[PDB]
Each structure stands twice: as structure tokens, then as C-alpha cells.
file my_file.cif (mmCIF, C-alpha atoms)
data_run
#
loop_
_atom_site.group_PDB
_atom_site.id
_atom_site.type_symbol
_atom_site.label_atom_id
_atom_site.label_comp_id
_atom_site.auth_asym_id
_atom_site.auth_seq_id
_atom_site.Cartn_x
_atom_site.Cartn_y
_atom_site.Cartn_z
ATOM 1 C CA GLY A 1 273.836 84.976 128.768
ATOM 2 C CA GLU A 2 270.177 84.824 129.851
ATOM 3 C CA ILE A 3 268.866 87.190 127.101
ATOM 4 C CA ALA A 4 270.651 85.257 124.332
ATOM 5 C CA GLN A 5 269.272 81.996 125.821
ATOM 6 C CA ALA A 6 265.705 83.386 125.852
ATOM 7 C CA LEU A 7 266.041 84.579 122.191
ATOM 8 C CA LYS A 8 267.218 81.026 121.280
ATOM 9 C CA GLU A 9 264.020 79.672 122.953
ATOM 10 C CA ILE A 10 262.005 82.077 120.717
ATOM 11 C CA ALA A 11 263.837 80.698 117.640
ATOM 12 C CA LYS A 12 263.028 77.097 118.746
ATOM 13 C CA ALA A 13 259.319 78.039 119.162
ATOM 14 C CA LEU A 14 259.288 79.593 115.645
ATOM 15 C CA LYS A 15 260.760 76.270 114.317
ATOM 16 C CA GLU A 16 257.804 74.485 116.042
ATOM 17 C CA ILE A 17 255.433 76.839 114.128
ATOM 18 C CA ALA A 18 257.240 75.924 110.858
ATOM 19 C CA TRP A 19 256.859 72.167 111.640
ATOM 20 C CA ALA A 20 253.114 72.638 112.326
ATOM 21 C CA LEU A 21 252.705 74.481 108.982
ATOM 22 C CA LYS A 22 254.619 71.663 107.152
ATOM 23 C CA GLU A 23 252.084 69.225 108.600
ATOM 24 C CA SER A 24 249.237 71.446 107.256
ATOM 25 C CA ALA A 25 250.866 71.291 103.755
ATOM 26 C CA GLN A 26 250.885 67.427 104.017
ATOM 27 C CA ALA A 27 247.159 67.511 105.075
ATOM 28 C CA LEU A 28 246.248 69.736 102.025
ATOM 29 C CA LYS A 29 248.053 67.278 99.620
ATOM 30 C CA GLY B 1 266.149 88.615 135.256
ATOM 31 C CA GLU B 2 262.685 90.035 134.447
ATOM 32 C CA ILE B 3 263.454 90.743 130.725
ATOM 33 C CA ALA B 4 264.735 87.189 130.131
ATOM 34 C CA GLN B 5 261.653 85.862 131.969
ATOM 35 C CA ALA B 6 259.270 87.930 129.799
ATOM 36 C CA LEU B 7 261.043 86.718 126.603
ATOM 37 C CA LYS B 8 260.589 83.116 127.848
ATOM 38 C CA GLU B 9 256.817 83.852 128.234
ATOM 39 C CA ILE B 10 256.821 85.040 124.572
ATOM 40 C CA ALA B 11 258.519 81.734 123.546
ATOM 41 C CA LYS B 12 255.857 79.745 125.468
ATOM 42 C CA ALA B 13 253.056 81.710 123.720
ATOM 43 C CA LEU B 14 254.653 80.997 120.289
ATOM 44 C CA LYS B 15 254.709 77.241 121.212
ATOM 45 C CA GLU B 16 250.943 77.556 121.958
ATOM 46 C CA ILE B 17 250.491 78.975 118.419
ATOM 47 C CA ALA B 18 252.386 75.924 117.021
ATOM 48 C CA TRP B 19 250.108 73.547 119.041
ATOM 49 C CA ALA B 20 246.991 75.308 117.664
ATOM 50 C CA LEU B 21 248.303 75.016 114.066
ATOM 51 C CA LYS B 22 248.945 71.252 114.614
ATOM 52 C CA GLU B 23 245.263 70.938 115.610
ATOM 53 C CA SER B 24 244.336 72.524 112.209
ATOM 54 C CA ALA B 25 246.575 69.998 110.329
ATOM 55 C CA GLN B 26 244.833 67.112 112.194
ATOM 56 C CA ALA B 27 241.375 68.605 111.408
ATOM 57 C CA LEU B 28 242.297 68.718 107.634
ATOM 58 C CA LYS B 29 243.527 65.027 107.747
ATOM 59 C CA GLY C 1 259.734 97.164 135.298
ATOM 60 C CA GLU C 2 257.736 98.808 132.488
ATOM 61 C CA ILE C 3 259.599 97.042 129.610
ATOM 62 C CA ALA C 4 259.158 93.595 131.195
ATOM 63 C CA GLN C 5 255.449 94.414 131.766
ATOM 64 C CA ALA C 6 254.995 95.441 128.106
ATOM 65 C CA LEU C 7 256.740 92.213 126.890
ATOM 66 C CA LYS C 8 254.325 90.220 129.135
ATOM 67 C CA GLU C 9 251.405 92.031 127.387
ATOM 68 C CA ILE C 10 252.898 90.889 124.024
ATOM 69 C CA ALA C 11 253.008 87.284 125.335
ATOM 70 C CA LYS C 12 249.325 87.550 126.436
ATOM 71 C CA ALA C 13 248.357 88.851 122.945
ATOM 72 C CA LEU C 14 250.224 85.919 121.301
ATOM 73 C CA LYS C 15 248.208 83.537 123.590
ATOM 74 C CA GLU C 16 245.018 85.244 122.246
ATOM 75 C CA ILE C 17 246.252 84.458 118.685
ATOM 76 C CA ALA C 18 246.784 80.794 119.728
ATOM 77 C CA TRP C 19 243.213 80.635 121.174
ATOM 78 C CA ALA C 20 241.777 82.078 117.922
ATOM 79 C CA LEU C 21 243.694 79.452 115.879
ATOM 80 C CA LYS C 22 242.400 76.645 118.202
ATOM 81 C CA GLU C 23 238.876 77.844 117.419
ATOM 82 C CA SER C 24 239.689 77.650 113.657
ATOM 83 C CA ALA C 25 240.835 73.995 114.166
ATOM 84 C CA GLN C 26 237.435 73.243 115.861
ATOM 85 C CA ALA C 27 235.615 74.936 112.889
ATOM 86 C CA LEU C 28 237.587 72.777 110.332
ATOM 87 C CA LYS C 29 236.642 69.537 112.253
ATOM 88 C CA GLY D 1 258.359 105.639 128.916
ATOM 89 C CA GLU D 2 258.105 105.857 125.100
ATOM 90 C CA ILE D 3 259.637 102.368 124.444
ATOM 91 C CA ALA D 4 257.223 100.658 126.867
ATOM 92 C CA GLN D 5 254.355 102.612 125.255
ATOM 93 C CA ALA D 6 255.373 101.512 121.731
ATOM 94 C CA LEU D 7 255.619 97.848 122.888
ATOM 95 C CA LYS D 8 252.080 98.181 124.335
ATOM 96 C CA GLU D 9 250.908 99.413 120.867
ATOM 97 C CA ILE D 10 252.492 96.241 119.366
ATOM 98 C CA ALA D 11 250.552 94.111 121.927
ATOM 99 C CA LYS D 12 247.291 95.898 120.977
ATOM 100 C CA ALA D 13 247.962 95.247 117.250
ATOM 101 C CA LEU D 14 248.595 91.519 117.983
ATOM 102 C CA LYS D 15 245.208 91.417 119.847
ATOM 103 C CA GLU D 16 243.617 92.880 116.659
ATOM 104 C CA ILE D 17 245.173 89.967 114.700
ATOM 105 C CA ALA D 18 243.603 87.514 117.223
ATOM 106 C CA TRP D 19 240.167 89.225 116.795
ATOM 107 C CA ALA D 20 240.457 88.930 112.981
ATOM 108 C CA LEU D 21 241.350 85.205 113.246
ATOM 109 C CA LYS D 22 238.284 84.638 115.517
ATOM 110 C CA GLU D 23 236.148 86.162 112.732
ATOM 111 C CA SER D 24 237.607 83.508 110.330
ATOM 112 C CA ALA D 25 236.728 80.670 112.801
ATOM 113 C CA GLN D 26 233.120 82.008 113.005
ATOM 114 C CA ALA D 27 232.930 82.265 109.171
ATOM 115 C CA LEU D 28 234.021 78.546 108.880
ATOM 116 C CA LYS D 29 231.357 77.481 111.511
ATOM 117 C CA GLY E 1 262.823 109.033 119.816
ATOM 118 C CA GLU E 2 263.746 107.147 116.625
ATOM 119 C CA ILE E 3 263.503 103.625 118.179
ATOM 120 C CA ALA E 4 260.054 104.319 119.666
ATOM 121 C CA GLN E 5 258.956 105.736 116.270
ATOM 122 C CA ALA E 6 260.187 102.607 114.438
ATOM 123 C CA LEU E 7 258.365 100.308 116.956
ATOM 124 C CA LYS E 8 255.167 102.357 116.311
ATOM 125 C CA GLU E 9 255.648 101.688 112.545
ATOM 126 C CA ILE E 10 255.849 97.933 113.384
ATOM 127 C CA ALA E 11 252.560 98.227 115.339
ATOM 128 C CA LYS E 12 250.912 100.000 112.341
ATOM 129 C CA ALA E 13 252.118 97.194 109.997
ATOM 130 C CA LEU E 14 250.675 94.543 112.379
ATOM 131 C CA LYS E 15 247.317 96.463 112.255
ATOM 132 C CA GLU E 16 247.520 96.197 108.409
ATOM 133 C CA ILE E 17 247.942 92.393 108.822
ATOM 134 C CA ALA E 18 244.837 92.342 111.093
ATOM 135 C CA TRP E 19 242.820 94.313 108.464
ATOM 136 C CA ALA E 20 243.895 91.855 105.722
ATOM 137 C CA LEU E 21 242.803 88.894 107.909
ATOM 138 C CA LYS E 22 239.405 90.608 108.595
ATOM 139 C CA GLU E 23 238.927 90.804 104.827
ATOM 140 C CA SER E 24 239.698 87.037 104.573
ATOM 141 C CA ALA E 25 236.968 86.371 107.226
ATOM 142 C CA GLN E 26 234.475 88.395 105.059
ATOM 143 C CA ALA E 27 235.548 86.336 101.957
ATOM 144 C CA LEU E 28 234.965 82.998 103.857
ATOM 145 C CA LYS E 29 231.411 84.155 104.915
ATOM 146 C CA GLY F 1 270.527 105.407 113.341
ATOM 147 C CA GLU F 2 271.169 101.885 111.976
ATOM 148 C CA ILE F 3 268.937 100.088 114.571
ATOM 149 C CA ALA F 4 265.959 102.379 113.859
ATOM 150 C CA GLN F 5 266.569 101.866 110.117
ATOM 151 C CA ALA F 6 266.610 98.055 110.483
ATOM 152 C CA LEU F 7 263.355 98.163 112.538
ATOM 153 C CA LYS F 8 261.782 100.256 109.732
ATOM 154 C CA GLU F 9 262.828 97.491 107.246
ATOM 155 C CA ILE F 10 261.024 94.964 109.523
ATOM 156 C CA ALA F 11 257.880 97.193 109.434
ATOM 157 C CA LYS F 12 258.062 97.336 105.603
ATOM 158 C CA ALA F 13 258.363 93.509 105.425
ATOM 159 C CA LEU F 14 255.297 93.129 107.725
ATOM 160 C CA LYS F 15 253.352 95.479 105.347
ATOM 161 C CA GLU F 16 254.363 93.114 102.479
ATOM 162 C CA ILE F 17 252.839 90.224 104.497
ATOM 163 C CA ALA F 18 249.591 92.268 104.853
ATOM 164 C CA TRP F 19 249.548 92.917 101.045
ATOM 165 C CA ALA F 20 249.995 89.168 100.366
ATOM 166 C CA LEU F 21 247.122 88.298 102.761
ATOM 167 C CA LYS F 22 244.861 90.857 100.966
ATOM 168 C CA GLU F 23 245.611 88.988 97.712
ATOM 169 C CA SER F 24 244.334 85.762 99.416
ATOM 170 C CA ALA F 25 241.081 87.533 100.515
ATOM 171 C CA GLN F 26 240.537 88.717 96.889
ATOM 172 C CA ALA F 27 241.246 85.178 95.558
ATOM 173 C CA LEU F 28 238.553 83.747 97.969
ATOM 174 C CA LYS F 29 235.991 86.446 96.829
ATOM 175 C CA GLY G 1 276.925 96.844 113.286
ATOM 176 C CA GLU G 2 276.186 93.163 113.988
ATOM 177 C CA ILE G 3 272.770 93.773 115.669
ATOM 178 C CA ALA G 4 271.547 95.981 112.803
ATOM 179 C CA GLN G 5 272.779 93.318 110.324
ATOM 180 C CA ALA G 6 270.896 90.552 112.185
ATOM 181 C CA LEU G 7 267.666 92.675 112.257
ATOM 182 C CA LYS G 8 268.060 93.163 108.456
ATOM 183 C CA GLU G 9 268.263 89.329 108.110
ATOM 184 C CA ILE G 10 264.956 89.120 110.076
ATOM 185 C CA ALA G 11 263.389 91.641 107.644
ATOM 186 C CA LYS G 12 264.616 89.547 104.651
ATOM 187 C CA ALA G 13 263.080 86.382 106.214
ATOM 188 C CA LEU G 14 259.740 88.217 106.723
ATOM 189 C CA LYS G 15 259.869 89.195 102.981
ATOM 190 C CA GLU G 16 260.306 85.439 102.205
ATOM 191 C CA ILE G 17 257.123 84.774 104.265
ATOM 192 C CA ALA G 18 255.293 87.472 102.223
ATOM 193 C CA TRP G 19 256.466 85.846 98.929
ATOM 194 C CA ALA G 20 255.232 82.416 100.125
ATOM 195 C CA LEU G 21 251.814 83.924 101.013
ATOM 196 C CA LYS G 22 251.623 85.626 97.545
ATOM 197 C CA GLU G 23 252.134 82.184 96.009
ATOM 198 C CA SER G 24 249.246 80.833 98.172
ATOM 199 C CA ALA G 25 246.998 83.668 96.815
ATOM 200 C CA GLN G 26 247.926 82.579 93.215
ATOM 201 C CA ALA G 27 247.092 78.911 94.143
ATOM 202 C CA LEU G 28 243.626 79.957 95.550
ATOM 203 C CA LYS G 29 242.822 81.896 92.282
ATOM 204 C CA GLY H 1 278.317 88.382 119.681
ATOM 205 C CA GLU H 2 275.749 86.063 121.323
ATOM 206 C CA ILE H 3 272.754 88.463 120.852
ATOM 207 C CA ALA H 4 273.472 88.910 117.123
ATOM 208 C CA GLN H 5 273.867 85.116 116.831
ATOM 209 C CA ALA H 6 270.507 84.472 118.551
ATOM 210 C CA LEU H 7 268.779 87.034 116.252
ATOM 211 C CA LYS H 8 270.291 85.192 113.244
ATOM 212 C CA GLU H 9 268.738 81.931 114.613
ATOM 213 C CA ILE H 10 265.353 83.762 114.728
ATOM 214 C CA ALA H 11 265.846 84.816 111.053
ATOM 215 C CA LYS H 12 266.628 81.183 110.093
ATOM 216 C CA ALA H 13 263.457 79.972 111.894
ATOM 217 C CA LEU H 14 261.354 82.607 110.030
ATOM 218 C CA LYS H 15 262.853 81.303 106.712
ATOM 219 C CA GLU H 16 261.689 77.790 107.779
ATOM 220 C CA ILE H 17 258.157 79.232 108.216
ATOM 221 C CA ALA H 18 258.374 80.678 104.650
ATOM 222 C CA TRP H 19 259.489 77.238 103.291
ATOM 223 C CA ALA H 20 256.529 75.547 105.048
ATOM 224 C CA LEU H 21 254.075 78.109 103.582
ATOM 225 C CA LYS H 22 255.522 77.471 100.063
ATOM 226 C CA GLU H 23 254.727 73.765 100.591
ATOM 227 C CA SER H 24 251.063 74.778 101.295
ATOM 228 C CA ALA H 25 250.928 76.861 98.043
ATOM 229 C CA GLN H 26 252.250 73.821 96.079
ATOM 230 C CA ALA H 27 249.691 71.517 97.795
ATOM 231 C CA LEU H 28 246.830 73.919 96.723
ATOM 232 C CA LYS H 29 248.161 73.991 93.065
#
call {"tool": "encode", "arguments": {"input": "my_file.cif", "output": "C-alpha cells"}}
result
Amino acid sequence: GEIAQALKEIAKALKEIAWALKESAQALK
Amino acid sequence: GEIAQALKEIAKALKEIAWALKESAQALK
Amino acid sequence: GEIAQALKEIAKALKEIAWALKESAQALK
Amino acid sequence: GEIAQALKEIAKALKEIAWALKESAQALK
Amino acid sequence: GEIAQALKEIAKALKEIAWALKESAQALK
Amino acid sequence: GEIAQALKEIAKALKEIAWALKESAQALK
Amino acid sequence: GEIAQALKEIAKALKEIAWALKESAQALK
Amino acid sequence: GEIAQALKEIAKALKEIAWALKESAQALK
């Protein structure tokens, strides 16, 4: 369904935020 | 549908937050 | 509809958060 | 409606988070 | 209604996050 | 109701995030 | 119910974010 | 159900954000 698909797109965007924060941890080290 | 479309706009905004955080990681490097 | 409109306002606020974080990346560089 | 109104209050709170993050970018500059 | 009331509690918690971030901006200055 | 109760648990978790951010502001001061 | 259970899992994940931020406050001090 | 499943994917993504923030706390220590 379209709502479930849109919520999955929100989860994928939150994973992108996690990847960006992992890169910030590498920059700090 | 309009609710699914609005949730997709929220996903796009969250991706913009990830892009901005990547810019911070590059600034620290 | 009113719910879709309110979710679009949430997306616009998340874009404002992204813009603020982009400014933080410029400040770090 | 009360749900739409509550979602608008969430959008306003997210805008307050953006304003606070802008204050951090100005402090770093 | 109970759902609207719970969403208002989420908005109040997001305002608390904004206040904490404003304090971080004062600490950076 | 169980949905309202779960949303209240999300509000409480967001307040915990605010408390943690206040600890960061105090560490910077 | 399954939706209430999934929202409780979101609250637990937000608590994990708070714990990670508390650790960052300890690192800054 | 598909909505509950999508919300569980959002919880998992939020846990990934917590893991990334823990990596930042370790980098600061």
C-alpha cells in the first residue's frame, strides 16, 4: 500500500541521517 | 493519495537533513 | 485536506532544520 | 480539527528546533 | 481527545529539545 | 487507549533526548 | 495491538538516541 | 500488517542513528 511505502521511504531517509552521523564520527577521530 | 504524498515530502526533508549533516562531516575533515 | 496540509507544514519545518544545519557546516569550514 | 491542530503544534516545535540550531551556527561564526 | 492530547505532549517534548539546543548555542558563545 | 499510551511513551523518550542535550550544554559551559 | 507495539519500539529507539547523547555529554566533560 | 512492519523499519533506522551517535561519543573520548 501507498502509506506503508511512504513510511518505508521515511525509514530509508533516517538511515541516510545515520550514515551522515557515522561520517561525522570518522571526521572527529 | 494526499497523505502518502505528504509523507513522501517528509522523507525528502529528512534526506535534506542527511545532506546537511554530510556537509558538517566534510567541514570537520 | 487538513491532515495532509499539517503534514506538509511538518515537512517545511524539517527543511528549516536542514537549512540551519547547512549554516552550521559553513560555520565549521 | 483537533488532530490537524496538534500536528501544526508539532510543526511549530520543529521550527523552534531550527531557530535554536541557527543560534549554534551564529555562535560558531 | 486522547490522541490529540498525546500529540500535544510530543510537541511540548520537541519544545524542550529546542530549549536544550538554545542552551548549547549560549555555551558555544 | 493503547495508541495514546504509546504516543505518550514517545513524548517521554523525546524529553529524555532534551535532558541529554542539556547535559551537553553544561559540559560546554 | 501491532501498531501500539511498533510505536513502543520507536519510543525504545528514541531512548537509545538519548543514551548515546548522554555519552557524548560525558565525553565533552 | 504492512503499516506495523514499516513502523518497525523506522524504529530500526532510529537505532542506527543511536549507534552512529555512540561512535561520535567514542571519537570525542
call {"tool": "residues_near_point", "arguments": {"input": "my_file.cif", "point": "(245.9, 79.9, 121.8)", "cutoff": "10 Å", "atoms": "all atoms listed in the file", "output": "ChimeraX atom specification"}}
result
/B:13-21 /C:12-23 /D:18
call {"tool": "atom_distance", "arguments": {"input": "my_file.cif", "atom1": "CA of residue 29 in chain B", "atom2": "CA of residue 25 in chain A"}}
result
10.4 Å
call {"tool": "atom_distance", "arguments": {"input": "my_file.cif", "atom1": "CA of residue 7 in chain B", "atom2": "CA of residue 1 in chain F"}}
result
24.8 Å
call {"tool": "calpha_fit_and_write", "arguments": {"input": "my_file.cif", "fixed": "chain H", "moving": "chain G", "output": "PDB file with C-alpha atoms, in the frame of the given file"}}
result
ATOM      1  CA  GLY G   1     278.229  88.414 119.687  1.00  0.00           C
ATOM      2  CA  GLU G   2     275.684  86.123 121.379  1.00  0.00           C
ATOM      3  CA  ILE G   3     272.661  88.457 120.854  1.00  0.00           C
ATOM      4  CA  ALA G   4     273.416  88.904 117.138  1.00  0.00           C
ATOM      5  CA  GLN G   5     273.836  85.097 116.841  1.00  0.00           C
ATOM      6  CA  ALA G   6     270.461  84.479 118.539  1.00  0.00           C
ATOM      7  CA  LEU G   7     268.726  87.045 116.226  1.00  0.00           C
ATOM      8  CA  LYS G   8     270.272  85.188 113.226  1.00  0.00           C
ATOM      9  CA  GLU G   9     268.720  81.937 114.597  1.00  0.00           C
ATOM     10  CA  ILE G  10     265.326  83.761 114.678  1.00  0.00           C
ATOM     11  CA  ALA G  11     265.828  84.788 111.015  1.00  0.00           C
ATOM     12  CA  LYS G  12     266.646  81.140 110.082  1.00  0.00           C
ATOM     13  CA  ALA G  13     263.451  79.949 111.870  1.00  0.00           C
ATOM     14  CA  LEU G  14     261.374  82.565 109.965  1.00  0.00           C
ATOM     15  CA  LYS G  15     262.914  81.195 106.689  1.00  0.00           C
ATOM     16  CA  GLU G  16     261.707  77.701 107.800  1.00  0.00           C
ATOM     17  CA  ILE G  17     258.178  79.187 108.198  1.00  0.00           C
ATOM     18  CA  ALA G  18     258.441  80.643 104.647  1.00  0.00           C
ATOM     19  CA  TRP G  19     259.513  77.207 103.263  1.00  0.00           C
ATOM     20  CA  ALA G  20     256.542  75.521 105.010  1.00  0.00           C
ATOM     21  CA  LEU G  21     254.146  78.114 103.499  1.00  0.00           C
ATOM     22  CA  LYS G  22     255.688  77.551  99.997  1.00  0.00           C
ATOM     23  CA  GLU G  23     254.888  73.857 100.418  1.00  0.00           C
ATOM     24  CA  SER G  24     251.257  74.785 101.312  1.00  0.00           C
ATOM     25  CA  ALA G  25     251.055  76.844  98.048  1.00  0.00           C
ATOM     26  CA  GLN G  26     252.254  73.722  96.092  1.00  0.00           C
ATOM     27  CA  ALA G  27     249.577  71.593  97.912  1.00  0.00           C
ATOM     28  CA  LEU G  28     246.788  74.128  96.973  1.00  0.00           C
ATOM     29  CA  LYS G  29     247.873  74.027  93.245  1.00  0.00           C
TER      30      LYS G  29
END
call {"tool": "atom_distance", "arguments": {"input": "my_file.cif", "atom1": "CA of residue 9 in chain F", "atom2": "CA of residue 6 in chain H"}}
result
18.9 Å
call {"tool": "axis_aligned_box", "arguments": {"input": "my_file.cif", "around": "range 5-9 of chain D", "padding_each_side": "4 Å", "output": "AutoDock Vina command-line options"}}
result
--center_x 253.3 --center_y 100.2 --center_z 123.1 --size_x 12.7 --size_y 12.8 --size_z 12.4
call {"tool": "decode", "arguments": {"input": "my_file.cif", "residues": "chain E", "atoms": "N, CA and C atoms", "output": "mmCIF file, in the first residue's frame"}}
result
data_model
loop_
_atom_site.group_PDB
_atom_site.id
_atom_site.type_symbol
_atom_site.label_atom_id
_atom_site.label_comp_id
_atom_site.auth_asym_id
_atom_site.auth_seq_id
_atom_site.Cartn_x
_atom_site.Cartn_y
_atom_site.Cartn_z
ATOM 1 N N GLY E 1 -9.689 14.996 22.626
ATOM 2 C CA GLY E 1 -9.459 13.553 22.517
ATOM 3 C C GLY E 1 -8.081 13.095 22.946
ATOM 4 N N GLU E 2 -7.949 11.805 23.264
ATOM 5 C CA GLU E 2 -6.696 11.277 23.850
ATOM 6 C C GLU E 2 -5.559 11.311 22.821
ATOM 7 N N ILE E 3 -5.830 11.078 21.547
ATOM 8 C CA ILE E 3 -4.736 11.074 20.534
ATOM 9 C C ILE E 3 -4.238 12.507 20.370
ATOM 10 N N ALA E 4 -5.151 13.457 20.214
ATOM 11 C CA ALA E 4 -4.740 14.867 20.086
ATOM 12 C C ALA E 4 -3.921 15.291 21.301
ATOM 13 N N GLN E 5 -4.336 14.863 22.496
ATOM 14 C CA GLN E 5 -3.620 15.225 23.743
ATOM 15 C C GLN E 5 -2.210 14.640 23.706
ATOM 16 N N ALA E 6 -2.067 13.397 23.268
ATOM 17 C CA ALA E 6 -0.740 12.757 23.221
ATOM 18 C C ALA E 6 0.138 13.470 22.180
ATOM 19 N N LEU E 7 -0.408 13.867 21.036
ATOM 20 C CA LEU E 7 0.380 14.602 20.015
ATOM 21 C C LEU E 7 0.818 15.949 20.609
ATOM 22 N N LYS E 8 -0.030 16.605 21.392
ATOM 23 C CA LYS E 8 0.369 17.872 22.052
ATOM 24 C C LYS E 8 1.531 17.636 23.032
ATOM 25 N N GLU E 9 1.547 16.493 23.717
ATOM 26 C CA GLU E 9 2.675 16.140 24.610
ATOM 27 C C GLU E 9 3.950 15.950 23.782
ATOM 28 N N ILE E 10 3.852 15.369 22.593
ATOM 29 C CA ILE E 10 5.019 15.256 21.683
ATOM 30 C C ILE E 10 5.489 16.657 21.295
ATOM 31 N N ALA E 11 4.588 17.566 20.946
ATOM 32 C CA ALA E 11 5.013 18.940 20.609
ATOM 33 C C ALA E 11 5.736 19.574 21.809
ATOM 34 N N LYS E 12 5.204 19.423 23.023
ATOM 35 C CA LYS E 12 5.862 20.013 24.211
ATOM 36 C C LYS E 12 7.265 19.427 24.394
ATOM 37 N N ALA E 13 7.449 18.137 24.150
ATOM 38 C CA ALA E 13 8.773 17.497 24.294
ATOM 39 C C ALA E 13 9.713 18.057 23.227
ATOM 40 N N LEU E 14 9.232 18.279 22.010
ATOM 41 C CA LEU E 14 10.090 18.864 20.950
ATOM 42 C C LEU E 14 10.479 20.293 21.368
ATOM 43 N N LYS E 15 9.607 21.063 21.982
ATOM 44 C CA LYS E 15 9.964 22.404 22.510
ATOM 45 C C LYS E 15 11.077 22.275 23.561
ATOM 46 N N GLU E 16 11.033 21.239 24.396
ATOM 47 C CA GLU E 16 12.109 21.005 25.398
ATOM 48 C C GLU E 16 13.438 20.764 24.662
ATOM 49 N N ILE E 17 13.414 19.996 23.581
ATOM 50 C CA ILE E 17 14.632 19.779 22.761
ATOM 51 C C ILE E 17 15.114 21.131 22.224
ATOM 52 N N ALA E 18 14.231 21.975 21.706
ATOM 53 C CA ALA E 18 14.654 23.300 21.212
ATOM 54 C C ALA E 18 15.313 24.097 22.344
ATOM 55 N N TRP E 19 14.734 24.092 23.543
ATOM 56 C CA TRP E 19 15.296 24.873 24.674
ATOM 57 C C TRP E 19 16.689 24.355 25.013
ATOM 58 N N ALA E 20 16.882 23.046 25.014
ATOM 59 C CA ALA E 20 18.202 22.446 25.293
ATOM 60 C C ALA E 20 19.212 22.890 24.228
ATOM 61 N N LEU E 21 18.816 22.926 22.969
ATOM 62 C CA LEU E 21 19.724 23.355 21.887
ATOM 63 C C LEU E 21 20.035 24.844 22.007
ATOM 64 N N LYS E 22 19.081 25.671 22.449
ATOM 65 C CA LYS E 22 19.345 27.121 22.680
ATOM 66 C C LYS E 22 20.412 27.261 23.761
ATOM 67 N N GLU E 23 20.354 26.408 24.774
ATOM 68 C CA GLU E 23 21.356 26.489 25.846
ATOM 69 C C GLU E 23 22.726 26.130 25.297
ATOM 70 N N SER E 24 22.804 25.143 24.398
ATOM 71 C CA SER E 24 24.067 24.752 23.730
ATOM 72 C C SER E 24 24.617 25.929 22.920
ATOM 73 N N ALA E 25 23.768 26.696 22.239
ATOM 74 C CA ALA E 25 24.216 27.887 21.476
ATOM 75 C C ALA E 25 24.814 28.897 22.453
ATOM 76 N N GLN E 26 24.192 29.111 23.621
ATOM 77 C CA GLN E 26 24.756 30.048 24.645
ATOM 78 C C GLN E 26 26.127 29.530 25.123
ATOM 79 N N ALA E 27 26.281 28.220 25.294
ATOM 80 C CA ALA E 27 27.547 27.618 25.789
ATOM 81 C C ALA E 27 28.660 27.831 24.754
ATOM 82 N N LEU E 28 28.353 27.675 23.461
ATOM 83 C CA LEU E 28 29.314 27.876 22.339
ATOM 84 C C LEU E 28 29.741 29.349 22.278
ATOM 85 N N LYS E 29 28.854 30.314 22.559
ATOM 86 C CA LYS E 29 29.223 31.755 22.519
ATOM 87 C C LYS E 29 30.010 32.113 23.785
#
